[PDB]
């Protein structure tokens, strides 16, 4: 195809693969992306010409755009996401599995001719800092320009990644199509997609095949498909960890930095914590990431984290100058693509929770929206901003260092109205794994439906594991067993969402979570107490710095209470979950569960 002839690499495996894909999908032309600022502008000008992008008032925003999607293509589709390992047991009970030969036959049928009437982009990229010994590289082939521009922000895309591949370097093969072939002469739509959607991962060959969605983690294949699904399977095989964790640098009033990694499920506070503004005099906070952490042991035996991503793909609604000024400042520097937010009368963007009460807006469907009248949200409730990390004012200077940052503490947490204390320190590594493995959160989904349950979401990875959950637990246990336990991060479990009898929050959270992290630091520095309980070490209210905090000590005590009775009721929920994990549940997790049972009596 034209002009693969004119392509800036001698990597023959790449060229072949591009040719084989093009022969199948039959695009009008193939274009290799270089990631320059020039190309970005051209792509964006095209997308504006197509009507997919609206340019935002340049007086208010530097080089920014609003994109609106088809309302059928508005989120990740977990019921259409598949781990297609050779054996169903290697996908495991948390994944949808399909026999790989079966899946290939479905997807090859779907891909045949699917790019008719479009450009096929070949997008090389790097996950992690460019300057690594063996960086993790990929190529995404896509027929969406939206995808290319988003990939440019969310990954290290283009010329530099293509050069790192050399002539025979390995890379992850990622194929994407929106699945909306055009007939000759046919007018295209602003957001092409298909009613048939598949997001498929082949862990053994390290390939991702996506079809039919233009949106988010369905289409930006670095963001979840590579960074967690494929990466988790590589990490399992190569001796490291790919996780759903923010990375936070906390700096004490003396001049000491502590790095923490925290795994909360979506909607449980990762973005807030990752951009924490501490409330205790002299403490500062910087971010390395609010989503993905890749972690590996160094020569000295410590665990080092790196963010593989290069941008933030944040949920917009709720974001404002009070809730997250640092997120706001990042967006204010421009170079941002908003997806599915509302457009103001002066060509700015708005969404629910932002300052102002615009009386009229154009909503994310392109319809007129009116204050105290229009029954639908102006911004889609899961709309996004896509912005460069380098614009974040509290970004840590080590954010682009390939050797990463040494982790002191790993935090697990989710939303629990009852039972789980504000903070608890694990007893050892194995116990740590167990706390992670049984993380519970009170949240449910539209097509889960019912309602008040406690979802189990092991390390915050329920939708993202690239292999059997039991073998993942084992992998965590093994990394601990084979390490020097003095160099290992300590493990904590937090809960910001415990409620009193009248149902208010016992803990105020947000900035004040800096006080919980201070206890954690103090435990690392042998400066704070905590009582041994059935579920781990938990501070008394006296062990915590509440100086300056306008809250009832009775509330804090209640937020910290470990009640044997509540915990006994938790045990059959946990038991059901561990039975679900099935035959690959490790003995180590069952042993911890037996220990927990013994201590609760």
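Residue numbers count along the first chain shown, from 1.
In this crystal structure, the stretch out of 311-319 and 164-172 whose C-alpha atoms carry the higher mean B factor is 164-172. For the pair 478-486 and 84-92, the mean Cα B-factor is higher in 478-486. The PDB entry gives the largest Cα B-factor of the residues 444, 232, 218, 383 to 444. Residue-level inspection of the entry shows that, of 244, 224, 299, 515, 299 has the top Cα B-factor. In the deposited entry, the Cα temperature factor of residue 189 places it in the highest third of its chain's modelled residues. When the CA B factors of the chain's modelled residues are split into thirds, the value for residue 330 lands in the middle one.
When the modelled residues of the chain are ordered by their C-alpha B factor, residue 537 lands in the lowest third.
Split the chain's modelled residues into thirds by C-alpha temperature factor. Residue 451 is in the highest one. When the CA B factors of the chain's modelled residues are split into thirds, the value for residue 496 lands in the lowest one.
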